[PDB]
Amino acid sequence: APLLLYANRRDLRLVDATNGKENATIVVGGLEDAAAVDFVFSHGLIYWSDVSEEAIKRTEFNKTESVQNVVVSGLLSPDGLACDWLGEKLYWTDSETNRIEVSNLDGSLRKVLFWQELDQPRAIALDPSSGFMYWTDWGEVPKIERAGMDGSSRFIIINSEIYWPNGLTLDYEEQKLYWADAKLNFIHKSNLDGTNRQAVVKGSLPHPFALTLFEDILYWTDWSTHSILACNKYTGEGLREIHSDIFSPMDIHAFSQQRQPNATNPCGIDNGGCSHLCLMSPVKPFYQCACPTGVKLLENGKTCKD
């Protein structure tokens, strides 16, 4: 049972899932409205969104007295973010500007990837070594979509029996997608293309917000119970509350290197020969060069117009 990292509006916390009766430890305090959270374990980084400060920030968790540092600003409603620990990129959703955007880990070279047919985008999860990204949208057309991490090949993978898809995660060992619906009160799973859908927790979840996974156990936050719940990822059995009395639980991850396992970066050692962004891609050679918003890629497929 891993440590669980969760946002909590005023702070980010870590709790040991084998001992959630104990009080969590505060990783970063003095926050206004921390909502999304993720990490790059190998770099010693934790990132979060703040929906009042309209920003994504980061902290260096292996240093003593390291500051909070703003890396992306002007984000009207950054309701979801994911760290690409392989390609070294930062992806996020914005439910007010209706966008999915990427940048480098320091916030540089921002590129809007999607800006059409989004209403209430929320969760976002990455499979960097396959070059795919997955997100939810709880708006007027509720759905789960996937696309290349380079913005290619966008596809709706779930569009039925869905209404408030809030939580989304991947099982990297089994190659499965899991999601939690706060209106339909359930957690389901499917293959990565949306096929072979199955119920895991069939009902009775009051208001799940974010979902993560470690080994054979799912973990999620619930806005109505103010707690983290867990159950078996195959059967939904063994449903237990492991940590409760949380001020305002938000996004959550199993905080482990094993959830970001080592793989070769297809960009190699020279940024893919790309002048600006080298993004993961689902097709060979498994990266795609890219440029900041509004900037054209030249005919070589590598160099942004200078």
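The numbering used is simple: start at 1 and walk along the sequence shown.
Averaged over Cα atoms, the B-factor as recorded in the entry is higher for 268 to 276 than for the other of 268 to 276 and 34 to 42.
Here the stretch with the larger average CA B-factor, out of 149 to 157 and 80 to 88, is 149 to 157. Comparing the listed residues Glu140, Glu96, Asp106, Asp222, the entry records the largest Cα B-factor for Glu140.
Per-chain ranking of the deposited C-alpha B factor places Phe214 in the middle third.
When the modelled residues of the chain are ordered by C-alpha B-factor, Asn166 sits in the lowest third. Sort the chain's modelled residues by C-alpha temperature factor and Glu117 lands in the highest third, per the entry. Annotation for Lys176: CA B-factor lies in the middle third of the chain's modelled residues.
Remark: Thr293 belongs to the lowest third of its chain, ranked by C-alpha B-factor as recorded.
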